[PDB]
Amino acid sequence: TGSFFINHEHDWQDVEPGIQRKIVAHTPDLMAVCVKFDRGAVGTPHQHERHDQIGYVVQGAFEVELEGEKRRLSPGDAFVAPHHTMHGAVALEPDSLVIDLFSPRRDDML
């Protein structure tokens, strides 16, 4: 049907120490999640068997690893990890923000 997401209207949910998120929007094929990292918070390297993922950097910076290759990403930069692609991140500045986008939707995050 269609929805709006008003950021101010939604709390941060705890993912783990130094990491918070908010589910932004989704359909069965497409999901956006806003993720907030303290400086030095770590997204452990991992792979998705069934989901594609793009991380778009909105604030702060991240060192992102894609299958061993590292790149420093600052606001406006992005990575894409097709499914079966190892990726991980380390946040380099306070309140680093990345938009994780997925296809299909990540039902495990509800």
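Start at 1 and count along the sequence shown; that's the residue number.
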For this session: Between 1-9 and 99-107, name whichever shows the higher mean Cα B factor according to the PDB entry.
Result: 1-9
Exercise. Out of 55-63 and 68-76, which stretch has the higher average CA B-factor listed in the record?
Worked result: 68-76
Exercise. According to the PDB entry, is the CA B factor of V90 in the bottom, middle or top third of its chain, that is, lowest, middle or highest?
Worked result: middle
For this session: Please rank the C-alpha B-factors of the chain's modelled residues and tell me whether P45 sits in the lowest, middle or highest third.
Result: highest
Exercise. Can you tell me which third, lowest, middle or highest, the CA B-factor of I19 falls into for its chain?
Worked result: highest
